[PDB]
Amino acid sequence: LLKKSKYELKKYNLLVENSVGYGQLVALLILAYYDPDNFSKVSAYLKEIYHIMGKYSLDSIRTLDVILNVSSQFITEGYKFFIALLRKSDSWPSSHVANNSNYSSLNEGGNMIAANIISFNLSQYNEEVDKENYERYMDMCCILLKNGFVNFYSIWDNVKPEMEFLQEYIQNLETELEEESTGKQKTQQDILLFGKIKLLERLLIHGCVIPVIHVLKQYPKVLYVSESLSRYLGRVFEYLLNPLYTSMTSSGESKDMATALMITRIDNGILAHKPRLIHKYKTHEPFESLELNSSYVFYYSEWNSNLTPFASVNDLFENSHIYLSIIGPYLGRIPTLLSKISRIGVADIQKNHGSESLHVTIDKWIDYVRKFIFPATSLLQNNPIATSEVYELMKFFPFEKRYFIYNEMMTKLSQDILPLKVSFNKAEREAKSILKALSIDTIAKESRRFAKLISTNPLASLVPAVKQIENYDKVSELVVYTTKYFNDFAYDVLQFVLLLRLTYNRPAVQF
Amino acid sequence: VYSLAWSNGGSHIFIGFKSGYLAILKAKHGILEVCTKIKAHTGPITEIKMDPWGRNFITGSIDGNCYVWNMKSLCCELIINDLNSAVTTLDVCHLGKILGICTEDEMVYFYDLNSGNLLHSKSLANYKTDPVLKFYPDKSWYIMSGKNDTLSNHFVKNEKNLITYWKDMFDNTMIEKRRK
Amino acid sequence: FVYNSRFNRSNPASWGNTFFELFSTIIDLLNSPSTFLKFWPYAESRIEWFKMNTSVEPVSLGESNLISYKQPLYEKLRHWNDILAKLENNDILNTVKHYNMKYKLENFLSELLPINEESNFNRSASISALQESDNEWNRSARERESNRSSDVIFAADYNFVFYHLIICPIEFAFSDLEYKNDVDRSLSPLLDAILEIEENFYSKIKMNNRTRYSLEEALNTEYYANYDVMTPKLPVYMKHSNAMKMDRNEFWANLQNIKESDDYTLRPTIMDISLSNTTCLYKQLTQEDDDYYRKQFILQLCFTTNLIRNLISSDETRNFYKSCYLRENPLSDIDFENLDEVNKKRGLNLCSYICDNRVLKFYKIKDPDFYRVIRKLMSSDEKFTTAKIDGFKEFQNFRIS
């Protein structure tokens with residue numbers, strides 16, 4: 001009785017201790033999101049909140065939990081009221097506001113009491129109710145990280161799973177890839193749906209690059225967990241690239257703004273012409289869409305305010321050591337980004353033709369196309385069009401430095417990176433299954449099946465083909481018949497493989 | 001020159017050759033000059049279509065190959081894995097969702113344009129046609145050629161669109177939930 | 001001057017007791033709640049000086065060297081809990097500056113102490129008995145003799161469910177059978193009289209914007225439409241008109257100058273339900289125009305029905321409320337001691353009938369935004385009740401870098 005009625009603070013921590021005082025707090029927040037006037041009377045709603053939780057002795061920790069819990073249902077339309085409400089209350093860090101846009105200040109933070117409620121509430125995903133409200137709650141916590149309300153590392157350290165438990169699940173998965181390159185099932189489906197991994201890709205959808213670059217430079221095999229981390233990081237790099245690509249293809253792409261328009265609908269009353277009628281909806285999915293009559297847009301339109309689209313060629317060569325080195329051989333999962341960088345290269349050789357700075361311009365594009373464009377081409381499945389756009393940059397090269405890149409990618413295939421080695425072992429296993437059932441009656445349609453496998457990656461698939469030509473007969477008449485569907489890339493690799501088999505060390509003359 | 005097409009505005013012309021080149025050339029008032037020239041396929045470009053919403057355009061060729069190029073950046077966007085035969089005819093709907101491919105295996109397919117998933121597939125093997133799909137321009141019916149020898153049937157419903165079909169399926173389900 | 005000259009002491013611990021001593025002199029000598037809110041911005045910016053208890057170097061962020069039974073906070077927390085109880089007793093003479101002083105002072109003690117301090121999270125869970133939305137000055141003589149109209153039998157039936165179901169749910173669960181039939185005979189007419197006049201509020205919104213969706217389809221007969229029944233934020237003519245915005249914003253601007261003046265500083269809350277006045281209680285809950293007074297009664301009834309479910313079924317929650325009633329008086333006149341098993345099966349039928357069958361299935365169709373706010377506050381109340389049983393020991397593993 002001494003430390004209950006003399007030392008214990010008289011506050012009410014649950015929603016049953018004051019059903020009257022918490023019932024008027026929720027109904028005041030339901031009301032504030034139904035006003036047309038919401039930016040002129042921000043400070044008229046705070047002074048009614050402080051009079052509600054002073055009269056009824058409500059907690060100050062549970063109250064900030066109810067404000068973040070009601071305002072996550074209304075985050076699609078009102079997210080400018082919710083931000084302007086929190087900046088005037090006395091829970092905003094006035095002197096600890098420090099940002100997540102710098103590299104040295106992802107530990108200097110603000111409001112560690114709200115960092116204790118957010119990371120506690122992102123960790124609960126076991127009931128059937130909070131599996132449906134997870135995408136709205138996680139999207140609200142990424143607007144509070146942009147502005148500087150919560151530290152980044154205070155959420156990353158204290159949200160489930162653990163970084164010792166994540167690091168053993170990756171290594172269990174890397175072993176499964178090396179076996180094909182020659183309790184957990186319910187836990188792994190809770191790793192990539194909730195927790196750290198889901199938090200890391202909603203931050204990359206909205207705007208946050210600096211806390212995601214700093215994580216993937218530390219644990220570079222956080223990839224091989226989700227295939228969404230390389231899609232959403234190709235949405236940020238394609239925004240920076242796009243003003244440059246429109247100006248390099250100058251006159252054509254500037255009038256391409258006018259070529260995209262549709263056809264009106266013509267009815268036969270007086271034979272009149274009326275346009276088509278659609279209507280907008282704001283959704284949570286990042287990619288823009290259009291259904292039968294409805295078009296969908298991303299709700300948070302200020303997602304690209306911290307970014308800046310870079311200048312011509314000297315800024316592309318600096319910013320690609322950062323972004324394109326994180327997803328090394330994973331640029332081939334975004335084939336439209338691999339086609340855009342290769343047209344910057346052809347348009348830059350031709351305009352800077354001249355006679356003076358041409359041997360310098362080619363040499364700058366040799367080291368670019370061999371560090372992170374040609375490794376990306378090997379992780380491709382069926383793209384004869386994405387591989388022809390790359391080769392039109394390699395037509396400008398001498399053939400000595402084009403044969404250097406071909407041989408090295410058969411040497412740093414095995415000794416180096418794993419995702420390239422699983423891809424080469426899938427093409428060889430598929431080329432060795434076509435060549436067994438190769439008859440003179442089946443080449444009506446197996447000629448088109450075999451010619452897309454060669455056109456995508458020839459270096460994996462042509463070498464089992466010329467090794468089955470010098471073994472058995474009757475297969476020269478079948479492979480030459482298939483050669484009418486090759487492209488210009490698989491014609492230049494086939495000359496390299498034939499020069500490889502003729503100088504190969506073997507007894508030429510018999511015994 | 002195998003095929004030609006007008007853009008939806010009426011200011012560019014798309015030309016498909018035998019070597020697989022695709023040329024895009026302006027028609028401003030009287031000038032006729034070449035804007036770009038990309039190499040699309042390894043074979044004759046058979047048919048060229050346009051999206052009715054003006055987003056993308058579709059090309060087909062004599063290998064089993066059919067791309068969907070978008071019209072802003074002029075790069076390939078989606079690839080249909082159709083390794084059966086040579087695509088002969090090709091058309092889209094008027095809402096812009098169904099894509100009808102008809103190859104030289106005498107089989108018709110029906111895809112989506114947003115995704116590349118398959119919806120339906122009919123096989124018409126006993127005929128000796130070069131069968132022609134054609135969609136109506138104002139309602140969502142189609143006229144598929146070839147019933148016996150060289151004929152034309154057309155496939156109808158009681159509702160015109162897909163939008164007035166979903167709107168009728170919704171109101172028939174709602175009566176049952178207003179019944180319980 | 002006490003903080004800056006702390007190395008030049010003869011003891012670096014002899015400034016932690018001098019800084020709390022002079023700060024408690026200021027609060028007593030300060031004479032008004034108007035001068036308190038003028039000074040208190042000094043004591044909110046310099047809050048990291050209070051946590052560094054007898055240490056010349058500052059604590060990092062989130063760390064505090066303050067425990068509630070040691071020499072700084074041993075005789076000050078006993079003294080600052082008297083002001084906070086002095087200001088709670090006058091429930092008639094409290095202005096709006098007395099309620100702002102009680103907020104800024106109680107918030108100060110919560111940040112000073114850790115989130116896991118035994119005197120910080122209301123460890124012995126006591127439901128309040130002072131939740132009173134009532135004015136005695138609005139009440140004259142409390143008449144109980146002219147029981148004629150429906151205004152005096154509806155408001156005498158709301159005031160029956162409120163005083164012994166909502167403000168005390170633990171005495172409802174562990175009770176007899178003749179006590180929980182007297183609530184059901186008062187709640188079944190009350191819940192049918194409210195949900196009928198909330199079916200007419202949601203049928204004027206449904207039939208307003210369903211006719212003009214049948215009128216888009218006729219006039220420009222190019223495009224069909226099924227949209228949702230939503231809030232059309234401003235119609236078409238209130239969206240972009242600076243003649244209608246500018247005279248509306250200068251109506252709200254002189255409604256605030258009434259509520260910022262030093263004359264009308266004694267006033268009720270905007271969301272307040274009356275209980276004394278029997279005429280205004282029927283006039284608040286029956287008008288089908290506002291519908292923010294019939295949402296409080298649904299929220300008040302879902303908060304204290306969620307507890308009767310959790311306390312009858314589970315037996316660790318039922319064992320936690322054992323200790324809090326035997327510690328405060330062991331010789332207890334109020335009794336809860338055993339199963340009450342027929343009242344277990346009957347009292348669990350007054351739970352799933354109220355908030356699972358009638359309430360939640362009504363709002364699943366009508367108002368989908370308010371259906372998710374009820375559904376989420378139900379489930380998030382159980383993560384906090386369960387963590388209270390342990391002792392809030394899942395908030396102590398928070399780490400700092």
# chains A, B, ... in the order shown; residues from 1 in each chain; ligands from 1
call {"tool": "interface_residues", "arguments": {"of": "chain A", "to": "chain C", "cutoff": "8 Å", "atoms": "only C-alpha atoms", "output": "PyMOL selection string"}}
result
chain A and resi 1+3-4+6-21+23-24+27-28+36-37+40-41+44+48+50-56+60+70+73+107+112-113+116+129-130+153-154+157-158+276-277
call {"tool": "write_last_selection", "arguments": {"atoms": "N, CA and C atoms", "output": "compact mmCIF listing (two decimals), in the first residue's frame"}}
result
# COMPACT_ATOMS: atom_id res chain seq x y z
N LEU A 1 0.80 -1.21 0.00
CA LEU A 1 0.00 0.00 0.00
C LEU A 1 0.84 1.27 0.00
N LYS A 3 3.69 1.76 -2.02
CA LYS A 3 4.00 2.03 -3.42
C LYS A 3 2.83 1.71 -4.34
N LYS A 4 1.60 1.93 -3.87
CA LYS A 4 0.44 1.88 -4.76
C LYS A 4 -0.32 3.19 -4.72
N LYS A 6 1.01 6.09 -3.14
CA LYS A 6 1.88 7.24 -2.91
C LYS A 6 2.91 7.40 -4.03
N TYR A 7 3.22 6.31 -4.74
CA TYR A 7 4.30 6.36 -5.71
C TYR A 7 3.82 5.97 -7.10
N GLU A 8 2.73 5.22 -7.18
CA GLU A 8 2.19 4.84 -8.47
C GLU A 8 1.45 6.00 -9.11
N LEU A 9 1.82 6.29 -10.36
CA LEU A 9 1.19 7.32 -11.17
C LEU A 9 -0.24 6.93 -11.51
N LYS A 10 -1.15 7.89 -11.38
CA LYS A 10 -2.57 7.61 -11.57
C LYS A 10 -2.98 7.84 -13.01
N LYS A 11 -2.66 6.89 -13.87
CA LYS A 11 -2.95 6.95 -15.29
C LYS A 11 -3.58 5.63 -15.71
N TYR A 12 -4.25 5.64 -16.86
CA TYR A 12 -5.05 4.50 -17.30
C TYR A 12 -4.51 4.01 -18.64
N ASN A 13 -4.08 2.75 -18.65
CA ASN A 13 -3.20 2.23 -19.68
C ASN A 13 -3.94 1.38 -20.70
N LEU A 14 -5.18 1.00 -20.40
CA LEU A 14 -5.92 0.12 -21.29
C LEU A 14 -7.23 0.76 -21.71
N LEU A 15 -7.89 0.15 -22.68
CA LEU A 15 -9.12 0.67 -23.25
C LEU A 15 -10.35 0.32 -22.43
N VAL A 16 -10.20 -0.34 -21.29
CA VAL A 16 -11.32 -0.66 -20.41
C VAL A 16 -11.31 0.19 -19.15
N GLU A 17 -10.14 0.65 -18.72
CA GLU A 17 -9.99 1.58 -17.61
C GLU A 17 -10.68 2.92 -17.83
N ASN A 18 -10.75 3.38 -19.07
CA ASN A 18 -11.62 4.49 -19.46
C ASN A 18 -12.29 4.12 -20.78
N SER A 19 -13.51 3.60 -20.68
CA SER A 19 -14.29 3.42 -21.89
C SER A 19 -14.95 4.72 -22.30
N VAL A 20 -15.04 5.68 -21.38
CA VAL A 20 -15.64 6.97 -21.70
C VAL A 20 -14.58 7.91 -22.26
N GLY A 21 -13.38 7.85 -21.71
CA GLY A 21 -12.32 8.75 -22.14
C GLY A 21 -11.64 8.33 -23.41
N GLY A 23 -13.41 6.53 -25.64
CA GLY A 23 -14.48 6.52 -26.63
C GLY A 23 -14.65 7.86 -27.31
N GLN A 24 -14.27 8.94 -26.63
CA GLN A 24 -14.34 10.27 -27.23
C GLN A 24 -13.06 10.62 -27.97
N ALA A 27 -13.72 8.88 -31.59
CA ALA A 27 -14.75 9.59 -32.34
C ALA A 27 -14.34 11.00 -32.72
N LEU A 28 -13.32 11.56 -32.08
CA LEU A 28 -12.79 12.85 -32.51
C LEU A 28 -11.84 12.68 -33.68
N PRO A 36 -13.80 18.93 -44.84
CA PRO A 36 -13.15 19.60 -45.97
C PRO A 36 -12.06 20.55 -45.49
N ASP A 37 -12.26 21.18 -44.34
CA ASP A 37 -11.30 22.11 -43.75
C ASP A 37 -10.45 21.36 -42.75
N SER A 40 -6.59 24.32 -42.01
CA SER A 40 -6.78 25.59 -41.34
C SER A 40 -7.08 25.41 -39.86
N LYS A 41 -7.61 24.25 -39.47
CA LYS A 41 -7.93 23.96 -38.08
C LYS A 41 -7.19 22.72 -37.58
N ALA A 44 -6.88 23.43 -33.83
CA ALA A 44 -8.13 23.38 -33.09
C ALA A 44 -8.48 21.95 -32.70
N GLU A 48 -8.29 20.20 -28.43
CA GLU A 48 -9.41 19.40 -27.95
C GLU A 48 -8.95 18.01 -27.55
N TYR A 50 -5.94 17.62 -25.96
CA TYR A 50 -5.27 17.83 -24.68
C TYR A 50 -6.28 18.10 -23.57
N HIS A 51 -7.49 18.52 -23.92
CA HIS A 51 -8.54 18.73 -22.93
C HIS A 51 -9.29 17.43 -22.67
N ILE A 52 -9.23 16.48 -23.60
CA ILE A 52 -9.86 15.17 -23.40
C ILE A 52 -8.99 14.29 -22.51
N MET A 53 -7.68 14.24 -22.75
CA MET A 53 -6.83 13.38 -21.94
C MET A 53 -6.20 14.11 -20.77
N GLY A 54 -6.75 15.25 -20.37
CA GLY A 54 -6.40 15.85 -19.11
C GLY A 54 -7.56 15.67 -18.16
N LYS A 55 -8.77 15.74 -18.71
CA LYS A 55 -9.98 15.57 -17.92
C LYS A 55 -10.12 14.13 -17.44
N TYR A 56 -10.07 13.19 -18.37
CA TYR A 56 -9.94 11.77 -18.07
C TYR A 56 -8.46 11.44 -18.13
N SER A 60 -0.07 8.55 -21.90
CA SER A 60 0.53 9.28 -23.01
C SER A 60 1.22 8.34 -23.99
N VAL A 70 -5.73 4.43 -35.67
CA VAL A 70 -6.91 4.89 -36.38
C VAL A 70 -6.51 5.55 -37.69
N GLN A 73 -6.12 3.63 -41.25
CA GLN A 73 -7.24 3.21 -42.08
C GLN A 73 -7.56 4.28 -43.11
N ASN A 107 21.89 6.39 -36.82
CA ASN A 107 21.83 6.07 -35.40
C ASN A 107 21.37 7.22 -34.55
N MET A 112 12.30 7.89 -29.09
CA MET A 112 12.45 6.46 -28.83
C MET A 112 11.29 5.84 -28.04
N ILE A 113 10.25 6.60 -27.71
CA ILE A 113 9.06 6.01 -27.12
C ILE A 113 8.11 5.55 -28.23
N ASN A 116 9.32 2.40 -29.79
CA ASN A 116 9.09 1.23 -28.96
C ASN A 116 7.71 0.65 -29.22
N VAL A 129 -6.72 -11.10 -38.07
CA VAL A 129 -7.08 -9.70 -38.27
C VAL A 129 -5.90 -8.86 -38.74
N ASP A 130 -4.73 -9.01 -38.12
CA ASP A 130 -3.58 -8.19 -38.47
C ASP A 130 -2.74 -8.77 -39.59
N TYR A 153 17.62 2.67 -37.41
CA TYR A 153 18.19 1.47 -36.81
C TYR A 153 17.45 1.06 -35.55
N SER A 154 16.57 1.93 -35.04
CA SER A 154 15.76 1.55 -33.89
C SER A 154 14.59 0.67 -34.30
N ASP A 157 16.69 -3.01 -35.71
CA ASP A 157 17.28 -3.90 -34.72
C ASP A 157 16.22 -4.67 -33.95
N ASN A 158 15.03 -4.09 -33.78
CA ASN A 158 14.08 -4.59 -32.79
C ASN A 158 12.81 -5.13 -33.43
N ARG A 276 -13.42 8.72 -74.90
CA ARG A 276 -13.64 7.67 -73.92
C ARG A 276 -13.59 8.23 -72.50
N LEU A 277 -14.38 7.63 -71.62
CA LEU A 277 -14.56 8.12 -70.25
C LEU A 277 -14.00 7.10 -69.28
call {"tool": "residues_around", "arguments": {"residues": "residue 457 (chain A)", "least_positions_apart": "4", "cutoff": "8 Å", "atoms": "only C-alpha atoms", "output": "ChimeraX atom specification"}}
result
/A:377-378,380,427,453,461
call {"tool": "closest_residue", "arguments": {"among": "A:101, A:57, A:249, A:228", "to": "residue 198 (chain A)", "atoms": "only C-alpha atoms"}}
result
A:228
call {"tool": "interface_residues", "arguments": {"of": "chain B", "to": "chain A", "cutoff": "7 Å", "atoms": "only C-alpha atoms", "output": "ChimeraX atom specification"}}
result
/B:8-9,35,40,42,52-55,63-64,71-72,75-77,83-85,95
call {"tool": "write_last_selection", "arguments": {"atoms": "N, CA, C and O atoms", "output": "mmCIF file, in the first residue's frame"}}
result
data_model
loop_
_atom_site.group_PDB
_atom_site.id
_atom_site.type_symbol
_atom_site.label_atom_id
_atom_site.label_comp_id
_atom_site.auth_asym_id
_atom_site.auth_seq_id
_atom_site.Cartn_x
_atom_site.Cartn_y
_atom_site.Cartn_z
ATOM 1 N N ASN B 8 -2.582 5.505 -84.075
ATOM 2 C CA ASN B 8 -3.938 5.868 -83.675
ATOM 3 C C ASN B 8 -4.202 7.351 -83.892
ATOM 4 O O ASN B 8 -5.354 7.775 -84.033
ATOM 5 N N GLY B 9 -3.149 8.157 -83.908
ATOM 6 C CA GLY B 9 -3.282 9.564 -84.218
ATOM 7 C C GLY B 9 -3.371 9.814 -85.705
ATOM 8 O O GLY B 9 -4.172 10.633 -86.159
ATOM 9 N N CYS B 35 12.007 8.029 -89.409
ATOM 10 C CA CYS B 35 12.350 8.444 -88.054
ATOM 11 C C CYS B 35 13.319 7.459 -87.411
ATOM 12 O O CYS B 35 14.438 7.839 -87.062
ATOM 13 N N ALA B 40 13.558 -6.106 -85.417
ATOM 14 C CA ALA B 40 12.692 -6.728 -84.433
ATOM 15 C C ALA B 40 12.834 -8.242 -84.417
ATOM 16 O O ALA B 40 13.232 -8.817 -83.401
ATOM 17 N N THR B 42 13.732 -12.218 -86.423
ATOM 18 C CA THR B 42 14.515 -12.987 -87.390
ATOM 19 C C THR B 42 13.609 -13.674 -88.403
ATOM 20 O O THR B 42 13.532 -14.898 -88.458
ATOM 21 N N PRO B 52 -6.047 -0.226 -78.464
ATOM 22 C CA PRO B 52 -7.082 0.800 -78.605
ATOM 23 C C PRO B 52 -7.013 1.885 -77.547
ATOM 24 O O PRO B 52 -7.771 2.847 -77.626
ATOM 25 N N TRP B 53 -6.164 1.730 -76.530
ATOM 26 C CA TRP B 53 -5.977 2.798 -75.554
ATOM 27 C C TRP B 53 -4.707 3.583 -75.841
ATOM 28 O O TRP B 53 -4.383 4.542 -75.135
ATOM 29 N N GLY B 54 -3.965 3.178 -76.863
ATOM 30 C CA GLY B 54 -2.797 3.916 -77.292
ATOM 31 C C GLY B 54 -1.581 3.708 -76.420
ATOM 32 O O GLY B 54 -0.703 4.570 -76.361
ATOM 33 N N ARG B 55 -1.515 2.570 -75.735
ATOM 34 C CA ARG B 55 -0.381 2.277 -74.871
ATOM 35 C C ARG B 55 0.739 1.567 -75.619
ATOM 36 O O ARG B 55 1.878 2.038 -75.623
ATOM 37 N N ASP B 63 8.835 -16.985 -87.170
ATOM 38 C CA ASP B 63 9.177 -17.813 -86.025
ATOM 39 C C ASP B 63 8.036 -17.711 -85.017
ATOM 40 O O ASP B 63 7.162 -16.851 -85.130
ATOM 41 N N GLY B 64 8.025 -18.569 -84.008
ATOM 42 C CA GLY B 64 6.957 -18.518 -83.033
ATOM 43 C C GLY B 64 7.071 -17.377 -82.053
ATOM 44 O O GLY B 64 7.250 -17.617 -80.854
ATOM 45 N N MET B 71 4.699 2.238 -76.677
ATOM 46 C CA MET B 71 4.835 3.292 -77.665
ATOM 47 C C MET B 71 5.559 4.531 -77.159
ATOM 48 O O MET B 71 5.883 5.405 -77.970
ATOM 49 N N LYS B 72 5.824 4.639 -75.859
ATOM 50 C CA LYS B 72 6.579 5.780 -75.351
ATOM 51 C C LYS B 72 8.074 5.602 -75.577
ATOM 52 O O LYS B 72 8.698 6.379 -76.303
ATOM 53 N N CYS B 75 10.485 0.200 -76.623
ATOM 54 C CA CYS B 75 11.203 -0.993 -76.203
ATOM 55 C C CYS B 75 10.197 -2.095 -75.915
ATOM 56 O O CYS B 75 9.039 -1.831 -75.597
ATOM 57 N N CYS B 76 10.650 -3.341 -76.041
ATOM 58 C CA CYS B 76 9.797 -4.500 -75.804
ATOM 59 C C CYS B 76 9.438 -4.575 -74.329
ATOM 60 O O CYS B 76 10.250 -4.235 -73.467
ATOM 61 N N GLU B 77 8.217 -5.015 -74.042
ATOM 62 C CA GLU B 77 7.627 -4.893 -72.714
ATOM 63 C C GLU B 77 7.140 -6.233 -72.177
ATOM 64 O O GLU B 77 7.282 -6.521 -70.988
ATOM 65 N N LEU B 83 5.774 -21.091 -78.584
ATOM 66 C CA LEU B 83 6.682 -21.876 -79.412
ATOM 67 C C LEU B 83 5.993 -23.043 -80.099
ATOM 68 O O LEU B 83 6.362 -24.201 -79.877
ATOM 69 N N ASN B 84 5.005 -22.758 -80.943
ATOM 70 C CA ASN B 84 4.282 -23.843 -81.580
ATOM 71 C C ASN B 84 4.509 -23.768 -83.083
ATOM 72 O O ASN B 84 5.025 -24.714 -83.685
ATOM 73 N N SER B 85 4.146 -22.644 -83.694
ATOM 74 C CA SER B 85 4.229 -22.458 -85.133
ATOM 75 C C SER B 85 4.293 -20.966 -85.467
ATOM 76 O O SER B 85 4.488 -20.122 -84.588
ATOM 77 N N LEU B 95 -11.853 -3.110 -75.914
ATOM 78 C CA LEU B 95 -11.430 -2.682 -74.586
ATOM 79 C C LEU B 95 -9.923 -2.807 -74.446
ATOM 80 O O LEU B 95 -9.310 -2.169 -73.588
#
call {"tool": "select_by_dssp", "arguments": {"residues": "region 59-160 of chain B", "states": "strand (DSSP E)", "output": "count of residues only"}}
result
39
call {"tool": "interface_residues", "arguments": {"of": "chain B", "to": "chain C", "cutoff": "9 Å", "atoms": "only C-alpha atoms", "output": "list in words"}}
result
residues 163, 164 and 167 of chain B
call {"tool": "write_last_selection", "arguments": {"atoms": "N, CA, C and O atoms", "output": "PDB file, in the first residue's frame"}}
result
ATOM      1  N   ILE B 163     -18.069  -5.483 -69.698  1.00  0.00           N
ATOM      2  CA  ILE B 163     -18.392  -4.659 -68.539  1.00  0.00           C
ATOM      3  C   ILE B 163     -19.872  -4.768 -68.214  1.00  0.00           C
ATOM      4  O   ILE B 163     -20.279  -4.701 -67.052  1.00  0.00           O
ATOM      5  N   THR B 164     -20.704  -4.995 -69.229  1.00  0.00           N
ATOM      6  CA  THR B 164     -22.119  -5.217 -68.958  1.00  0.00           C
ATOM      7  C   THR B 164     -22.406  -6.695 -68.727  1.00  0.00           C
ATOM      8  O   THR B 164     -23.557  -7.094 -68.526  1.00  0.00           O
ATOM      9  N   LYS B 167     -21.427  -6.709 -64.795  1.00  0.00           N
ATOM     10  CA  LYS B 167     -22.441  -5.933 -64.097  1.00  0.00           C
ATOM     11  C   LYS B 167     -23.752  -6.698 -64.001  1.00  0.00           C
ATOM     12  O   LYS B 167     -24.641  -6.328 -63.230  1.00  0.00           O
TER      13      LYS B 167
END
call {"tool": "residues_around", "arguments": {"residues": "residue 361 (chain A)", "least_positions_apart": "2", "cutoff": "12 Å", "atoms": "only C-alpha atoms", "output": "list in words"}}
result
residues 313, 314, 345, 346, 347, 348, 349, 350, 351, 352, 353, 354, 355, 356, 357, 358, 359, 363, 364, 365, 366, 367, 368, 396 and 397 of chain A
call {"tool": "select_by_dssp", "arguments": {"residues": "region 230-439 of chain A", "states": "alpha helix (DSSP H)", "output": "PyMOL selection string"}}
result
chain A and resi 230-248+250-254+256-259+316-319+335-351+359-371+374-377+384-391+399-408+418-434
call {"tool": "atom_distance", "arguments": {"atom1": "CA of residue 95 (chain A)", "atom2": "CA of residue 109 (chain A)"}}
result
9.9 Å
call {"tool": "atom_distance", "arguments": {"atom1": "CA of residue 139 (chain B)", "atom2": "CA of residue 96 (chain B)"}}
result
11.8 Å
call {"tool": "atom_distance", "arguments": {"atom1": "CA of residue 206 (chain A)", "atom2": "CA of residue 46 (chain A)"}}
result
28.3 Å
call {"tool": "residues_around", "arguments": {"residues": "residue 27 (chain B)", "least_positions_apart": "5", "cutoff": "6 Å", "atoms": "only C-alpha atoms", "output": "PyMOL selection string"}}
result
chain B and resi 11-12+32
call {"tool": "write_last_selection", "arguments": {"atoms": "N, CA and C atoms", "output": "mmCIF file, in the first residue's frame"}}
result
data_model
loop_
_atom_site.group_PDB
_atom_site.id
_atom_site.type_symbol
_atom_site.label_atom_id
_atom_site.label_comp_id
_atom_site.auth_asym_id
_atom_site.auth_seq_id
_atom_site.Cartn_x
_atom_site.Cartn_y
_atom_site.Cartn_z
ATOM 1 N N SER B 11 -0.292 9.975 -87.753
ATOM 2 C CA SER B 11 0.868 10.751 -88.158
ATOM 3 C C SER B 11 2.122 9.919 -88.369
ATOM 4 N N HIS B 12 2.118 8.644 -87.996
ATOM 5 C CA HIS B 12 3.248 7.766 -88.251
ATOM 6 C C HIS B 12 2.758 6.524 -88.970
ATOM 7 N N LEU B 32 7.527 12.727 -96.158
ATOM 8 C CA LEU B 32 7.510 11.315 -95.807
ATOM 9 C C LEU B 32 8.953 10.892 -95.528
#
call {"tool": "residues_around", "arguments": {"residues": "residue 136 (chain B)", "least_positions_apart": "4", "cutoff": "12 Å", "atoms": "only C-alpha atoms", "output": "list in words"}}
result
residues 91, 92, 93, 94, 95, 140, 141, 142, 143, 144, 154, 155, 156, 160 and 161 of chain B
call {"tool": "closest_residue", "arguments": {"among": "B:120, B:39, B:157, B:28", "to": "residue 59 (chain B)", "atoms": "only C-alpha atoms"}}
result
B:39
call {"tool": "residues_around", "arguments": {"residues": "residue 113 (chain B)", "least_positions_apart": "6", "cutoff": "9 Å", "atoms": "only C-alpha atoms", "output": "list in words"}}
result
residues 68, 78, 92, 96, 97, 98 and 99 of chain B
call {"tool": "residues_around", "arguments": {"residues": "residue 23 (chain C)", "least_positions_apart": "4", "cutoff": "12 Å", "atoms": "only C-alpha atoms", "output": "list in words"}}
result
residues 2, 16, 17, 18, 19, 27, 28, 29, 30, 39, 40, 42, 43, 46, 49, 50, 72, 76 and 80 of chain C
call {"tool": "closest_residue", "arguments": {"among": "C:10, C:53, C:386, C:25", "to": "residue 310 (chain C)", "atoms": "only C-alpha atoms"}}
result
C:386
